[PDB]
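In: could you work out the structure for the sequence below:
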Amino acid sequence: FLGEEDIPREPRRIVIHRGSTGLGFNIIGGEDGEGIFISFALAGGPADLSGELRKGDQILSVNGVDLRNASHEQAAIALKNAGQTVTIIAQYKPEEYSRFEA
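Out: Residues are numbered from 1 along each chain as shown. Here you go:
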């Protein structure tokens, strides 16, 4: 899509239960959707058990709509109206999320 570089872990859509009950997981971002990524997983949640998503992973798109430039709250809007299932793309990005945790 762009070129050849580090980070072999390619993006993949993870299956999650009805977003309505997707509270187990959290979302963190900045302004003007500078970069929204997964915050942390809560054990017992639907996305935690059904999905293998964890802290550090980056979100590219949800249920279709891309959240690459979606604000912090803007992302929640997509998850809220997720429905029965929301396809979220995950990709190894410890440095990207590391920006938040300092």
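In: where do the helices sit along the protein?
Out: Secondary structure of the chain (DSSP state H): helices at 46-50, 72-80, 94-98.
In: list the buried ones in the first one?
Out: Looking back up the chat, that one is helix 46-50. 46, 47, 48 (16 or more other Cβ atoms under 10 Å). For the C-beta atoms, the positions are set from N, CA and C on the backbone; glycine is no exception.
In: surely the first one and residue 15 touch.
Out: Spelled out, it's residue 46. No. Counting by Cβ atoms under 8 Å, residue 46 stays clear of residue 15, with 10.0 Å between them.
In: bridged to the residue nearest in space to the middle of the chain, which residues?
Out: Taking Cα atoms, centre = their mean, the centroid of the chain lies closest to residue 59, which sits 3.4 Å from it. For residue 59, the beta-bridge partners under DSSP bridges are residue 90.
In: kindly reformat the helices of the chain as CSV containing distance to residue 39.
Out: As requested, the helices of the chain are arranged in CSV below (distance: least, Cβ to Cβ, whole Å):
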stretch, distance to residue 39
helix 46-50, 12
helix 72-80, 10
helix 94-98, 8
